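Have a look at the structure below before the remarks.
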Amino acid sequence: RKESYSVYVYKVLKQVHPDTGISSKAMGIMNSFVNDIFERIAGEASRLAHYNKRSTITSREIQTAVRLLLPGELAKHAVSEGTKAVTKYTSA
Amino acid sequence: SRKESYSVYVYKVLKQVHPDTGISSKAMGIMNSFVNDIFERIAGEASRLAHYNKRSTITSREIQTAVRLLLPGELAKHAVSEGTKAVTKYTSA
Amino acid sequence: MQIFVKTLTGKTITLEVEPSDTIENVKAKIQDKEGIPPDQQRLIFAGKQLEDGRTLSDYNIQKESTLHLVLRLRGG
Amino acid sequence: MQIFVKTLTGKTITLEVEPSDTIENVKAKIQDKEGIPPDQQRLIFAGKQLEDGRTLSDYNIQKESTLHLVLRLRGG
Amino acid sequence: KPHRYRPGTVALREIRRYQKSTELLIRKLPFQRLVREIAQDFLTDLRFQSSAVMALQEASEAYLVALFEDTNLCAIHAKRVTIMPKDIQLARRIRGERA
Amino acid sequence: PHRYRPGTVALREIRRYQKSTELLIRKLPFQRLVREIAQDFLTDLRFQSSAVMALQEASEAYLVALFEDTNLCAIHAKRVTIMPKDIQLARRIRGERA
Amino acid sequence: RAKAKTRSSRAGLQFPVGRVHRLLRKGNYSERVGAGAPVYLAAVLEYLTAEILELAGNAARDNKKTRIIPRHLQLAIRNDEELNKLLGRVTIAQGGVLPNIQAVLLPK
Amino acid sequence: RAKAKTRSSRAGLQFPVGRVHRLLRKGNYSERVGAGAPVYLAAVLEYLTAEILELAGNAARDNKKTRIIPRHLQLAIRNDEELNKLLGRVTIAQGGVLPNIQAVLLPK
Amino acid sequence: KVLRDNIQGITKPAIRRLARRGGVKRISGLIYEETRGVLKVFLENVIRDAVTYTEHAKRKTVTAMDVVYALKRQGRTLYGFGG
Amino acid sequence: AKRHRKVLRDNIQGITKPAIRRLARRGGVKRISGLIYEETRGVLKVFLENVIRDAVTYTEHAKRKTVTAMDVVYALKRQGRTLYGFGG
Amino acid sequence: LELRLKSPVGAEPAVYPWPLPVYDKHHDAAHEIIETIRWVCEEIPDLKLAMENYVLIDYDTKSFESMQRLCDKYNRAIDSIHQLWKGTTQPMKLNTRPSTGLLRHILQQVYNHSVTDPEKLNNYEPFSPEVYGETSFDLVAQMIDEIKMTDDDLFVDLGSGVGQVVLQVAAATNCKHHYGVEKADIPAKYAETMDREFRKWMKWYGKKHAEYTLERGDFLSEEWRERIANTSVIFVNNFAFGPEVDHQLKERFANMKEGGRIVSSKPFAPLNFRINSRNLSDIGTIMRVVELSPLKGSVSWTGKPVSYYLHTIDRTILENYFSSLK
Amino acid sequence: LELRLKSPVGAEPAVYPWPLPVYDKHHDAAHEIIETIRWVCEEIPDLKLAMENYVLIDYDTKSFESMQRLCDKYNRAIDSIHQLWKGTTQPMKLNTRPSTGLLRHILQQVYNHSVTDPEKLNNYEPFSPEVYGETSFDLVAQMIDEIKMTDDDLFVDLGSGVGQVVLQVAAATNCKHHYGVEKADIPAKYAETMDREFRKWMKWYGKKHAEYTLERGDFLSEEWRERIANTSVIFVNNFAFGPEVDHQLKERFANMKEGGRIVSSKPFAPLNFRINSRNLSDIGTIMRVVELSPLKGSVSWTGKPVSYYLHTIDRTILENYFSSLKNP
DNA sequence: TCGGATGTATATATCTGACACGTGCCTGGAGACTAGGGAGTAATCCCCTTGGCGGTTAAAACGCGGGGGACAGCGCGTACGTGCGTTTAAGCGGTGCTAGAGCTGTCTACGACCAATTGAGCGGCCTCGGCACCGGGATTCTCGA
DNA sequence: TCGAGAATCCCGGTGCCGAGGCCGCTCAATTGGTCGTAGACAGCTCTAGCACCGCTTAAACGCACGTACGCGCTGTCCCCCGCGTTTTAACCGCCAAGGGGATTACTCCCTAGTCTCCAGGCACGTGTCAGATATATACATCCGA
Ligand SMILES: C[S@@+](CC[C@H](N)C(=O)[O-])C[C@H]1O[C@@H](n2cnc3c(N)ncnc32)[C@H](O)[C@@H]1O
Ligand SMILES: C[S@@+](CC[C@H](N)C(=O)[O-])C[C@H]1O[C@@H](n2cnc3c(N)ncnc32)[C@H](O)[C@@H]1O
């Protein structure tokens, strides 16, 4: 029983381009993309908690790993997107 | 508090190789940076092999193949023989 | 009566059946004697892909019929 | 009698001492009133670096003497 | 009367031909034999999933296409139009491969 | 009076500085440069003195390694003087000019 | 007891917070994982996948198609300046290359 | 009970097996660490440090010195072909560069 | 059963075709033996790492993930085969 | 009074013309065009502004106001430039 | 043992104490009084020729009797042209806003008497919203000449600092009332002195300013939700506030009326904002963002030009979207 | 319905059954008998002219009566020069070692009759010491001409496989007795047929070989510790043995006497071995390692040239070390 | 090829502060034991890799020609090196100051763990529309006049 | 320049298979508690980062001159591009066989965790030698002749 991000990539695509599909070969590339930047961010957040003698990865380690890894204006809009999610999560 | 380095152990190896030469304290700090760098490369690669093969333990089989992945040609050939010679002496004693 | 349930591997059994038995009851008795889970089993009856809702009698299935077991698995 | 144990911080105490007290007994009484561990304490007595083996009387140490506490720590 | 193009015309037509497509440019069965004889250096029986030979080919295409892009810049730098073997050697030197 | 031909003393300076390991940039003009790049972060910063030496050892090793690749791009064009299009060609092949 | 509501819905996300949380605990990254750490990470992964599918759907429209092909992902990444910095060491299968001819090579 | 014998001595090593074992358990590499894994790793680290100190002591002797300087580590690594492949992305502080002049630049 | 001389299966038209996706409009005749030597050094390094991943998994078949893992630790990461 | 911060202004000048020569002499170059010195101050301004900013943000994450020798190591070693001798 | 001036309109003039307290290591409140005279020397285009014989760029300014000079010709020699007040002439009507030459001088002067120790402004938690920085006179002058405040606008500086930004806007704009809020107690303590000293040096020249109020408190409070929405133009210096307190301000700005101007260091909306079904609730839906022209020496913490942004609220972008939905 | 030959010295000659069993898809035991005749056609320099009229490079070899031809002139026409045995002539004295032309032919012939299914040799655990590979005739001929075996040496092939390496050494070297050990049961089963077929085809030509023995068993056993140390020259094909069973062999090789030759695929000691106080116990202390000249088609699993190594034990390197221990 | 001149290696005095040795202590590594679960191993199943075969035709190879680009030589002018004299500011050393890194001690709130529940996501399934391919339509582009 | 001709875009048509939607059914995520320890926070200590002084002199700066190198131009010439045939073998579709990847079950042996114990390594003190420096002499390099 396998699993992938294919259900969730197809949901985001219908929000952006509501009448547009995606090839199964192109969906396999988007799974490789999400898995790449998962363990790219999570590997850097793991080193930040180890450099500072902590044992917990919090959303503050995730935030400054985004700023290290993403370039320029992607890092600005990924941080304002990630903090918007956390405030809606902890109020609701 | 106190510290930990490899400076006791780098110095013992130096006295086995060149028993008449010494080492400055700035070259000793470069050897500590080297040992910590190769430790992180090997232990990081061996950690990644256990996750690929869905294992939860790092054994000396996975340290061996991380040496083959990371070291260049003849360095990888002699570091494997020095590694197996140590493990076989350890298990008999 | 009985039916001949042949597999794709060349294995033919004798499954003693009833007209009131559903396809779910057919897929439950093979596991009782062989051990194959019922999400892996299909019956070739003149090429028709059967459905677990109705019985054998609602497909004009005669006794001593040759049913070929199509073995599918849980993914690709 | 007593001695004046001045620190490098500008803090001067009155430690009532004996001639038979070793330097270990001096380094044990400061922690009793201040709280500094005895691997951090030195006594300037005309610049001389003292040793925990002998007493105060074996260094010509007069009462009401000015001893400057040199504060070292466990590494660099 | 055998109407023929001037040299460089068909070559620029082939730049646009192959920078528009995405297909593999090496023949597949001759590439697969090259993979199976490099694996003869080990011993012996290796079995190579068909998806793995396609993954090696897609990576060897992208290596060589991106190496001719840097080789081309080294020939323009020397005010030439032909690429020459000393342009591949310079490009791999600065890239950190030839050393 | 005596006067060396041009190129003679320049080859003497190759041998002079490839033999030494010293820092080639002055230290107070470099430290002053580091502290005014750090002014772009609004807040006050301090720079432990070992960190300014780590940045200078890293910046000079970068530039020396970039002039080795720049020199190979000038020889490739049958020149002896290096020139700004040799730095730009060296950084594009290396992957930095983007 | 109360009706089950997913952590993605109360965060307002499309990506799964609960699956991201499982992969952080499984992956040997730290001893312990905070509560808002998979919420923050799933929002960033959803943002970045919406940036590529934005640009790749624009490339699919310019070539008069209605599906996204690996060529359209390649054109989306290499034409955007900051997606080219992330994915600069990445090769995309059946993606091709950008059409680019050096101006010296053109006739006259 | 029996006299304590270190794991480095029964392996025949100079590097500490027990400290390498602690750093593997501390460093979040796996859930579990085998018994011979720190023995194998400490032997490789001792081998590689004996290869540099072999070559750096030879460079220190050629420059008529009796101590090893960061220049001698730089000359040892860059003159050996396989130590240059490991440490090719490494800069050594106060190490300098190899003496190398291109043959075109030489007079006549 | 021994298989030999297979870089010659990478023909002169194939190398010329890769150069024109790279944007090269004129090619000297000595390029073709240089390109076969650069390609063999590239494939030997990736297959050496992909075969040592399938030693450790104790297999016989080199899977597509062994190639994706081998390319990833050379900095040449590759999407579309299961990474 | 004046002022809360005294602003340092040029400081790339700083890296002077005889110091860009003698860096080019360890590189082994024999002759230098006059336009190299402005090109070599744009580079070293792009570099060393990517190392800081990634040295800070390791300092910010530690809540620490003083960028140490580590965080420069770890800034380098994140750009693929491991530096020995300071040091991890 | 002191020296004193006279107010050219009539008030409590100027107490300059003994030896000229420290404004820096090298100008030490010298060169400031002689530049104060040069602005009373205008508008009044009389003293340029009337004191042409006496005033100079002279030496010997470290003594006292030479500092008795250049004010004795102000404590006495201003009266020979002051005297003409009988019947036909009043000096000035008060409805004159200062030009950008002397308003720069008044704001520079009021800063020196008020901020006694500018290094105490550097006491903050690092990388926090309380870090301190100032905006130069040249950019606030640019900001006024881009927002074009009419007679019915309200100006609020969110995090006004010591408060020099609301003073320039209160002296160059005819609006009703201006506000500045400040949480941190060190610049809010200097803001009280800055408030007092501004009004007395603005009555001294006899120039008109608008009404203003410098307050303490947090703008992230329930009191400020209503009165952010009731103001026309907002200046905020959000360069190191962070993403959390910028996310808070984006949902206070969603209540502002039409034509709401917002000037900030970092933009609250991207410059190229595409609207789709994923970012409908975003603040960038309802505002247009342009970048102001960057000028040298724009901020106080660095030397390179930092450019600010202008936000203009018009809720028609979401009315030009939802016009292609079918 | 069959065909048969005659032994030119006198023994049970040759049974070649009907229709020529499969050696490959396209040569099918044809072309082999006509090359077998060409070596009896020499040394004996008589049949080159005596059958000049009849033998040819003719067509029509798929039938039977044409295969009755080219052996009827062997089952009958050899007798016209055989006949002269009376009184003054015996054909050959048995003390002739074959040249490298027909020994290649005898070893190629004995391989085809013995290994009936060469694809069964590929049944092994992968990347294990039991992987199979062969060494070509050209490299074993190089190996003999570099070790220079005297009259008092012992040869052991560790992991002899099917056993073709000890057969070439037993037919080109005058030593006492030669050994080959093999653990895996599939090539050891073909080694028994290879043993039988070698002796009968070597008596057929009337050529002399040394004595040899092909055995089963593990060379990592207690029996083989003593008899490794008692042999002068050792061949081992350790290309995919691995580092564990190479570390085992390095401490069996430490007991060999002086002038012990060891030929291997991968070297047991580095080519540039420096001795210091850290590697005194190593096996490279006591042996000199040279690399043999690489030749094309040297091994059986690949086409590129694999070069072997020569180890020579002389314990004087550690006697030229310990001669500088108190020089400074 | 030869000669005056500047540079660089060789040799001797001399001196300091940094490396190497000794000592005392303490904390982290070793020894011994239990408990349980990860991985070894054996058995089974079926996907999928390998091999072969034949026909068709796309592509490779060598047919073979000539234009254009590489390369060498030459001449001119300018820009870079060398060197000398002046000027700036680095570097050293020293003192002084405080702030902030680093540490310790409480204590609490957050996260791991567990069990019960249940709905989202996965697998299988039919189906239709996008997309590929097609012939024949029109439009542009290169090249010799 | 403007026809001639080969390349390419453009416009309907056919068809086919892969995407996208439906449905049933887990099993993984969620809800609700408990527990204990990681980390937050306050308070303290004291190193080291910062600022400032004066002085000496090393290095930077500016200028001038000549020459060597860059660069533009010309000319030859050979090598690379191009297009039609007789040549090779890739590609495709098909069948066939069996190794080997993948799963499941049993179970044993290896590792985590515990407590106790103790000696190795770390800090501190110390002493002396190696290397830096200065000086003088000696030989290799450079450039005019
Ligand atoms: C960068 S200063 C700007 C000073 C002034 N606006 C200027 O430009 O001249 C920002 C100020 O906002 C203040 N601040 C930060 N958060 C605040 C809040 N939540 N409520 C009120 N003031 C706040 C801080 O005290 C800081 O002094
Ligand atoms: C590569 S084959 C060499 C065959 C033969 N030496 C040749 O070159 O023609 C190596 C053989 O050694 C055998 N082998 C491996 N380990 C062995 C052992 N421990 N004892 C005996 N034979 C062993 C294997 O069966 C394998 O067939």
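The sequence lines fix the lettering, A, B, ..., with proteins before strands; numbering per chain opens at 1.
Here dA90(M) presents its P atom at 14 Å from CZ of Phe30(F), a figure rounded to the nearest Å. If you take NZ of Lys63(J) and P of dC103(M), they are 19 Å apart, rounded to a whole angstrom. Rounded to whole angstrom, the span from the CG atom of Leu73(C) across to the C1' atom of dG101(N) amounts to 13 Å. Note: OH (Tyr32(I)) to P (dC81(N)) measures 6 Å, nearest angstrom. The CG atom of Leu11(F) sits 9 Å away from the P atom of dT82(M) (whole-angstrom rounding). Nucleotide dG69(M) holds its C1' atom 11 Å from the CE atom of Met84(E), rounded to whole Å. We find that CZ of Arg12(F) is positioned 8 Å from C1' of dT141(N), with the value rounded to whole Å. Look at CZ on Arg31(J): it is 15 Å from P on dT78(M), rounded to the nearest Å.
A sub-4.0 Å separation between OP1 or OP2 of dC126(M) and a side-chain N or O of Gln49(C) is present. A sub-4.0 Å separation between OP1 or OP2 of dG91(M) and a side-chain N or O of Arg26(F) is present. Within the 4.0 Å cut-off from OP1 or OP2 of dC122(N), at least one side-chain nitrogen or oxygen of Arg19(H) is found. An OP1 or OP2 oxygen of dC46(N) is reached within less than 4.0 angstrom by no side-chain nitrogen or oxygen of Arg74(D). Within the structure, every side-chain polar atom (N or O) of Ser24(A) is placed at least 4.0 Å from both OP1 and OP2 of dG18(N). Distances shown here put every side-chain N or O of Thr57(B) at or beyond 4.0 Å from the OP1 or OP2 atom of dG38(M). Contact between the side-chain N/O atoms of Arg79(F) and the OP1/OP2 oxygens of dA68(N) is not found at any separation under 4.0 Å. Contact annotation: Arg6(E) side-chain N/O to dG67(M) OP1/OP2 distance is not under 4.0 Å. Applying the 4.0 Å criterion to OP1 and OP2 of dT50(M), one finds that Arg36(E) has a side-chain N or O inside that range. For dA99(M), neither phosphate oxygen OP1 nor OP2 lies less than 4.0 angstrom from any side-chain nitrogen or oxygen of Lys65(J). Put simply, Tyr9(B) has a side-chain N or O that comes within less than 4.0 Å of OP1 or OP2 on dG121(N). OP1 or OP2 of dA39(M) lies within a sub-4.0 Å distance of a side-chain N or O belonging to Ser56(B).
With ring centres under 5.5 Å apart and planes tilted under 30°, the neighbouring bases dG66(M) and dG67(M) are scored as stacked. Under the rule of centres below 5.5 angstrom and planes below 30 degrees, the bases of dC92(N) and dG93(N) are stacked.
Entry note: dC9(N) and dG137(M) fail the pairing test, Watson-Crick or G-U wobble at under 3.5 angstrom for both distances.
Set against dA112(N), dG121(N), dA101(M), the side chain of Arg32(H) has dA112(N) as its closest nucleotide. Residue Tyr4(F) has its side chain nearest to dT6(M) when only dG111(M), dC83(N), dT6(M) are considered. Residue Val8(B) places its side chain closer to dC122(N) than to any other of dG68(M), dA90(M), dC122(N). Closest to the side chain of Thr16(J), out of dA60(N), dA40(N), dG20(N), is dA60(N). Closest to the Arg16(I) side chain, of the nucleotides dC81(N), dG32(N), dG91(M), is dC81(N). You'll find that the side chain of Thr82(E) is closest to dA70(M), out of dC71(N), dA70(M), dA60(M). When the nucleotides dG121(M), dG100(M), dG120(N) are ranked by their closest atom to the side chain of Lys11(A), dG121(M) comes out on top. Counting only heavy atoms from C-beta on, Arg59(I) has its side chain closest to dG101(N) among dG91(M), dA68(N), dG101(N). The side chain of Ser28(I) lies closest to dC80(N), out of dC80(N), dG39(N), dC131(M).
For the pair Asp44(F) and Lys65(J), the salt-bridge criterion is not met [side-chain N within less than 4.0 Å of a carboxylate O]. A salt bridge is absent between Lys15(B) and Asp20(B): the closest approach of a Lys/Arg side-chain nitrogen to an acidic carboxylate oxygen does not fall below 4.0 angstrom.
For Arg72(C), the CZ atom is densely surrounded, since the number of other residues' heavy atoms within 6.0 Å is greater than 12.
Between the side chains of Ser4(A) and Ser6(A), at least one donor-acceptor pair of N or O atoms lies under 3.5 Å. One side chain, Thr7(C) or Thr9(C), offers a donor N or O that lies under 3.5 Å from an acceptor on the other.
Residue contacts shown for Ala14(I) are absent, as no nucleic acid heavy atom lies under 4.0 Å away.
Of the two residues contacting DNA chain M, namely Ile32(J) and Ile36(C), the nearest-nucleotide position lying further toward the 5' end is that of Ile36(C).
Residue-to-nucleotide contacts include no donor-acceptor pair under 3.5 Å from the side chain of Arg47(E) to the base of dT49(M).
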